[PDB]
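This document starts with one chain, in the form deposited in one PDB entry, laid out as structure tokens.
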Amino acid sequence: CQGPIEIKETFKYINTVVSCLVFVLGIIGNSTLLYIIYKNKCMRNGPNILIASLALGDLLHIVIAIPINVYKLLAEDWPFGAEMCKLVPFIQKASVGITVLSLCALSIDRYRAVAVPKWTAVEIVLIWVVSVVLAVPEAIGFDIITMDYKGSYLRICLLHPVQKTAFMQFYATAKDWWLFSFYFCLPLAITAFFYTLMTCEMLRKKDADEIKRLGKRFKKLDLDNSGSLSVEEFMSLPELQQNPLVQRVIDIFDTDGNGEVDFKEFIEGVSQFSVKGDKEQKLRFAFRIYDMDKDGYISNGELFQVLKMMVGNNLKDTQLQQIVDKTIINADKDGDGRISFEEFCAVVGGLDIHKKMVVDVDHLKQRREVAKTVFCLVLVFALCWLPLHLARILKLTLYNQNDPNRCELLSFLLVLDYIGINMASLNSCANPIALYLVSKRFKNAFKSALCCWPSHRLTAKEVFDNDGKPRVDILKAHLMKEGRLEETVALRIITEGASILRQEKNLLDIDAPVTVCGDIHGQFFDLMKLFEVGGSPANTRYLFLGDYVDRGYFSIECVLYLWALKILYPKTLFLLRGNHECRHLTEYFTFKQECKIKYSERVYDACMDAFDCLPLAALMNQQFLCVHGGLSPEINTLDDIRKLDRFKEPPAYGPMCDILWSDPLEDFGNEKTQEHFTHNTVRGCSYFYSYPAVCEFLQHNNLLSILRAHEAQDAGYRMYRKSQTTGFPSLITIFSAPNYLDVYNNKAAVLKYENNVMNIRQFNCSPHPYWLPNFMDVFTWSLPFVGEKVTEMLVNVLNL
């Protein structure tokens, strides 16, 4: 005829432009949808993972079918091989297989609740495999046969007019009937049949007797019978006058902010605490406790004021503030200085607090928002694939070429057929669009992900200068203000410093003058207090006798600063190994828990590689032997330590453990027996070494005295009995941790040696910021108390 010529040319540019709009919107809309699901841990869900399956299934169709489908239109030829031709319809008819079946699974899933989990994984795989099996017929029949237009040999993909088997012949004749049946009749029947049944089930026994039950109490609590509950009337229960969170919970109940709660507001709040309540909404009530102004975001000052109520006078105004900044900084994944509900999930997702917010009620009536998307996604699919199937049916029933005015009827059909194809492609780029416009939960996540795309971690360019030498002033000031470093730079300091330790001998040669320092145990703010007492590390030699970690809350700052100081001054700062630098103790104590919270698990592994390279002992000016612990039964001469293999985790027995764990006797210098070594009951391993053991060892190696650590001293030092041979104190213990464990209230000391003069310089504790037990934040700290208090109120309000 004459109709199709102009229609085909008219839609040649219309079809390609629409496919471009689908491509641009589809590639960014569907990809962002996947990026939302895995980043946000509350968005995982079970109905929200099938939606991600829709986007992944449609993305594959967009990146493969649409581009080459465009090149069919513009070129009117197939420049590709036969293998590509069987790939075009196979995937296009497979993607609608996932789209159709997922909408069926989503419908069944929602009726399941009304009537990634383990049973979810089978649904995703079963949907995908079943869809692909039914897309095989397209892949079988497509090939390049039977066209020759005016002597021009052109390659065009089409269904084979003659099939290898009669089964495919049946498929070829009734291809539209099979497309209309399994892909249109099957989903729309299943999705609607379960939704029709869902509406009937929800309608019946919705109000039930429960709303009648709560109505009995609501009038009773309303003393003035004003139809609404005031704050004063909530104070009328003796059991609530001592609950600190009643004023907060009333704010959630009072939705309109008029200061008083009516019956409809009362019923809504109780529904949130039902036994059938879902995880995501109970976490929202806990979120609304802190969010005072109902702006959806927890701010620094609002988190403090809420906590000040529950904490009471158990903490200072400064201490409660200090953990609030740290909680905000660590939980703020956006850097906006405030916490949203998505960030609130990442903190308390695995705390299982929602299992405590339980009362004895039902009828959550929350199935409105979640099921709107499922019925809207089916709504979008129905209104996009409806025109295409309607064109084919029009051909089957009403079209007859025997009619005189046949051309006019085909004119309307071919215009609609091209439109039906264009709308059918639109469904591949429409599902993210509908979600962003329908659901609040997806809307907020989309705003943050796309439109929105001290807490500052120091960067490698700032800590290191152009020569690779770390700058101590910058690193000290930032660390002292609770600052942290980049994950890579933290590794760089530990690894670069550990190499310097690797080259240095087991037995150090240290010349006077030098400062000897004892245990630090993570007391970073006490560590800087040490440095002014002994002098600047640049021009004063320091010897640390071990114990850099554990028992404190700033262990990583002590490690980073000392290892950073090791790099800048390899020849004037000397580090020795203590019993806490091993995997055995840090698992037991808090160093590992610190590394997980503060930097990562990978930084912790790097520390143990460096902790293995730590020297065991040092020889001080050829008269003093410096060691963390004491002597060993298996070591009689200094060269014995030189032969040891230090690049390993210390064994539970042997010379190395005896070096790092041995203690002097309680009656040292006045022992009742002459036994040199006895089992150490206090430590549980290594040995006690007595006064005869020390003097023999000093004389045999021509040594004057021994400097050690590893024992707490009230004055920071302890001068033991003087050796008979030299008249000098045989053993000296240096403990440089002031107010050790913040319970001992002791003093710390550093030993200054110069001009053969023995000097002891003491210093006291310094103020340090406050960390909660196990480095936790205030949300983990308080939610067990929030969940208990709100449950105590709700049960007292309702059950009476």
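For every residue, the number given is its place in the sequence shown, counted from 1. Here the rigid core means the biggest group of C-alpha atoms that line up within 1.5 Å when the two forms are laid on top of each other.
Beyond what is shown, the protein has a form solved in complex with a partner chain; the following relates to that form.
Relative to the partner chain in the bound PDB entry, residues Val514, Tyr542 and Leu703 are all farther than 4.5 Å at every heavy atom. Proximity to the partner chain in the bound PDB entry, defined as a heavy atom within 4.5 Å, holds among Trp119, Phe728, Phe193, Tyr399 only for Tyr399. Only one of the listed residues (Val246, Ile421, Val370, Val380) places a non-hydrogen atom within 4.5 angstroms of the partner chain in the bound PDB entry, and that residue is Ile421. Only one segment in the set 682-690, 91-99, 472-480, 434-442 has residues whose heavy atoms sit within 4.5 Å of the partner chain in the bound PDB entry; it is 91-99. In the bound PDB entry, no heavy atom of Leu126 sits within 4.5 Å of the partner chain.
Proximity of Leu388 to the partner chain in the bound PDB entry falls within the 4.5 Å heavy atom cutoff. Under a 4.5 angstroms non-hydrogen atom cutoff, the partner chain in the bound PDB entry has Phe142 among its neighbouring residues. For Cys157, a non-hydrogen atom is located within 4.5 Å of the partner chain in the bound PDB entry, even though that partner is not displayed. Per-residue Cα shift between this form and the one not shown after core alignment stays below 2 Å for all of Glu268, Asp609, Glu76, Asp509 except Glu76. Core-aligned CA deviation for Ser152 between this form and the one not shown: 2 Å or greater.
With the core held fixed, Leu437 shows a CA shift below 2 Å between this form and the one not shown. Core-superposed comparison between this form and the one not shown: the Cα of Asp207 travels 2 Å or more. Note on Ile68 and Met147: their C-alpha atoms are more widely spaced in the bound PDB entry, a change of at least 3 Å from this conformation.
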